[PDB]
Amino acid sequence: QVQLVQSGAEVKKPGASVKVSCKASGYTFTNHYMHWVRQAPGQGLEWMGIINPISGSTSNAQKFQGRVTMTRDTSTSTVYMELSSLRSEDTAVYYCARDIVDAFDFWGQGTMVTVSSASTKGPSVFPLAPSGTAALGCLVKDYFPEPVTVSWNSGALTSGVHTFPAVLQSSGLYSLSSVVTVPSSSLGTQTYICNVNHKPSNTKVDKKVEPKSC
Amino acid sequence: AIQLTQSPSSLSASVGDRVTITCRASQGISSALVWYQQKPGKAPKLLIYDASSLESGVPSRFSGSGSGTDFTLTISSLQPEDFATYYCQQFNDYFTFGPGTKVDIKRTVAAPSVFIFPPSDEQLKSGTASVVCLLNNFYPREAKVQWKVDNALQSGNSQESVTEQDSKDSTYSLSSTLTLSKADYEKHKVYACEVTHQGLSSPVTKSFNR
């Protein structure tokens, strides 16, 4: 019945700082070192450092020297990770984890930190026009922050849909595609509309996708 | 500095299979080796520590063995909840992790169905061109997309995204997006995506002429 509860997702500009919290409950806080580990989207795990809850003594990976500050508050059984001068490379899920001396046995739920020069922006939606079975889709380009939702035909079309995970572009904006496979014989008559919603920018786009006329 | 490697990078398995995955250290680490399981969107979960001690609450089908530079994790008879990525970790001195082994649901090889999409006129009016290549409903996950523009290999200007394995047919799909400036797009004629996969005897090309 141990729980490590972390603070919510953060969106930050390059050069800014972020402070992530990790509140421990269900055990004696001072009995265990606490560590921080991060994981870039789709990638592996990277240790950041360790803090002693009794003394506050801390060490970190050399990569983070001068940029990471780890602190603890025994009154609230909370540990903090502050990472300053953020850059794109810091975009990751950050986890706190409890040391058991041979392992990490409980981890927080993670905190996503997104570092981007971008600000709130709704997407542009472009057709992936159909060239048996045909593929068509919508390219949902240049929005920030996550998430967008995509449905087809207002939710009436679900079979054969694949909505891909978003990718963060070098511009700091996200992009993703949603595709569906349908019968070629349906292309003349059945309307296919992708419904894109980006709540952070209050942007709703309903894009009809049709064969390109030549 | 200690580096951990893991093999295989990906393993196809079925319910009921005995599964063994391996972790190797660049120098001796001497029993201080941990195994974690991770599922999408969740934190890692502890399975084994001291390279052979099964943590309480973890099912007995899991076990680990090893010392020095070589370690294994075995699942004696895989169950549906065991499809996941597995990481090893040295529990000493930078606490480094191996790169993970994903265990996914085996099915027969399925070659991708490949589709290419030119940029829309609407997008081109704004100054950028996205060319999309879709690899649909394939298995195993390993696949390679190469972009060629007027027969020249493209590097540094594409990004890939992959779905999670489909619960109904056990396949993956993948999108690759090539980004060019409008001027660069208009300078060239032949746009090709070339796909390699276990199910293909040789690379398959889908292309269009701008």
Side-chain angles (χ1 to χ4, degrees), chain A residues 4 6 35 37 39 42-50 61-62 93 95-110 124-130 133-137 139 141-142 159-160 162-171 175-179 181 207 209 212, chain B residues 31-36 38 41-51 53 55 85 87 89-91 94-100 113-124 126 128 130 132 134 136-137 156-157 159-164 166 168 171-175 177 179 206 208:
Chain A
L4 298 179
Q6 302 186 213
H35 299 234
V37 174
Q39 182 169 37
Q43 314 308 324
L45 294 151
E46 168 170 29
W47 183 76
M48 301 184 67
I50 181 181
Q62 189 62 23
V93 174
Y95 294 102
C96 62
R98 190 178 77 158
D99 186 311
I100 70 139
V101 172
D102 306 291
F104 301 151
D105 75 334
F106 285 97
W107 297 57
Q109 86 277 19
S124 289
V125 183
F126 303 117
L128 296 167
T133 303
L136 58 97
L139 170 65
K141 204 168 156 45
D142 294 342
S159 180
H162 293 300
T163 297
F164 290 95
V167 309
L168 188 51
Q169 303 164 116
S170 59
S171 61
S175 188
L176 69 70
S177 61
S178 181
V179 303
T181 51
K207 183 70 163 177
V209 183
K212 180 181 143 213
Chain B
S31 47
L33 197 276
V34 182
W35 293 94
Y36 302 98
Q38 191 180 34
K42 306 303 184 304
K45 175 187 107 168
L46 172 63
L47 303 171
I48 292 157
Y49 60 85
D50 188 49
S53 291
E55 168 70 310
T85 300
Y87 292 97
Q89 186 202 21
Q90 173 192 20
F91 213 74
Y94 280 112
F95 297 94
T96 194
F97 292 85
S113 293
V114 183
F115 303 87
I116 191 167
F117 300 97
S120 62
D121 292 352
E122 190 176 1
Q123 186 190 22
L124 290 175
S126 63
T128 302
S130 298
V132 173
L134 169 63
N136 209 44
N137 297 353
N157 54 1
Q159 288 188 297
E160 265 174 27
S161 192
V162 191
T163 56
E164 294 302 296
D166 185 275
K168 272 162 252 144
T171 68
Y172 293 96
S173 297
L174 178 149
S175 72
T177 307
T179 302
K206 298 297 176 186
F208 64 91

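Below, chain A is the first sequence line, B the second, and so on; all start at residue 1. All heavy atoms count here, side chains included; hydrogens, waters and symmetry mates do not.
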[X] versus chain A, heavy atoms under 4.5 Å apart: side chain, backbone, both or neither?
| X | value |
| --- | --- |
| B:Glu164 | neither |
| B:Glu55 | side chain |
| B:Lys42 | backbone |

For chain A, which candidate among [options] shows the most heavy-atom pairs at distances under 4.5 Å?
| options | value |
| --- | --- |
| B:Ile48, B:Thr128, B:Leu33, B:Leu134 | B:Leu134 |
| B:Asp50, B:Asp121, B:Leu174 | B:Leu174 |
| B:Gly98, B:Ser161, B:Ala32 | B:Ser161 |
| B:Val132, B:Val162, B:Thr179 | B:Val162 |
| B:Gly100, B:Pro44, B:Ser130, B:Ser120 | B:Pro44 |

Measure [X] against the heavy atoms of chain B and call it side chain, backbone, both or neither at under 4.5 Å.
| X | value |
| --- | --- |
| A:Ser124 | neither |
| A:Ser175 | neither |
| A:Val93 | neither |
| A:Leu4 | neither |
| A:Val209 | neither |
| A:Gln43 | backbone |

Shortest non-hydrogen contact from [X] to [Y]?
| X | Y | result |
| --- | --- | --- |
| A:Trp107 | B:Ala43 | CB-CB, 3.6 Å |
| A:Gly44 | B:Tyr87 | CA-OH, 4.1 Å |
| A:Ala103 | B:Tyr49 | CB-CB, 3.9 Å |
| B:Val34 | A:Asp102 | CG2-O, 3.2 Å |

Do you know which of A:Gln109, A:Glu46, A:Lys141 has the most heavy-atom pairs under 4.5 Å to chain B?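 Most heavy-atom pairs within the cutoff with chain B belong to A:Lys141.
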
In terms of heavy-atom pairs under 4.5 Å with chain B, which of A:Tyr95, A:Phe106, A:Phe104 leads?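 Most pairs with chain B among the choices: A:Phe104.
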
Atom pair CG/CZ of A:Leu139 and B:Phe117 - distance to nearest 0.5 Å: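 CZ of B:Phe117 is found 10.5 Å from CG of A:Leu139.
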
Could you state the interatomic distance from CD (B:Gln38) to CG (A:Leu45), rounded to the nearest 0.5 Å?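 Output value for this atom pair is 5.5 Å.
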
A:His35 vs B:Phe91 aromatic rings, parallel, tilted or perpendicular, using cut-offs 30° and 60°?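 Plane angle between 30° and 60°, so tilted.
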
What class does the angle between the rings of B:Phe95 and A:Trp47 fall in, given that below 30° is parallel, 30 to 60° is tilted and above 60° is perpendicular?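 Ring orientation of B:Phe95 relative to A:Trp47: tilted.
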
Could you go through B:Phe115 and A:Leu128, starting from their C-alpha distance and side-chain angles, then the distance that decides it, and tell me whether this counts as side-chain contact (heavy atoms from CB on, under 4.5 Å)? CA-CA 10 Å; B:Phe115 303 87; A:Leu128 296 167; over 6 Å; no

Answer with yes or no whether the side chains of A:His162 and B:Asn137 bring together a donor and an acceptor at under 3.5 Å.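 The criterion, which ignores hydrogens and geometry beyond distance, is satisfied for A:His162 and B:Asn137.
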
With a 4.5 Å heavy-atom cut-off, do B:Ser173 and A:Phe164 have their side chains touching?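 In short, these two side chains touch, coming nearer than 4.5 Å.
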
Under the side-chain contact (heavy atoms from CB on, under 4.5 Å) rule, collect the residues that match up with B:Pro119, sequence neighbours excluded.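 For B:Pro119 the side-chain contact (heavy atoms from CB on, under 4.5 Å) partners, ignoring immediate neighbours, are B:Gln123, B:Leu124, B:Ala129, B:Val131, B:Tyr185, B:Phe208.
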
Does the side-chain contact (heavy atoms from CB on, under 4.5 Å) test come out yes or no for B:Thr177 and A:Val167, once each step is laid out? CA-CA 10 Å; B:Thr177 307; A:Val167 309; over 6 Å; no

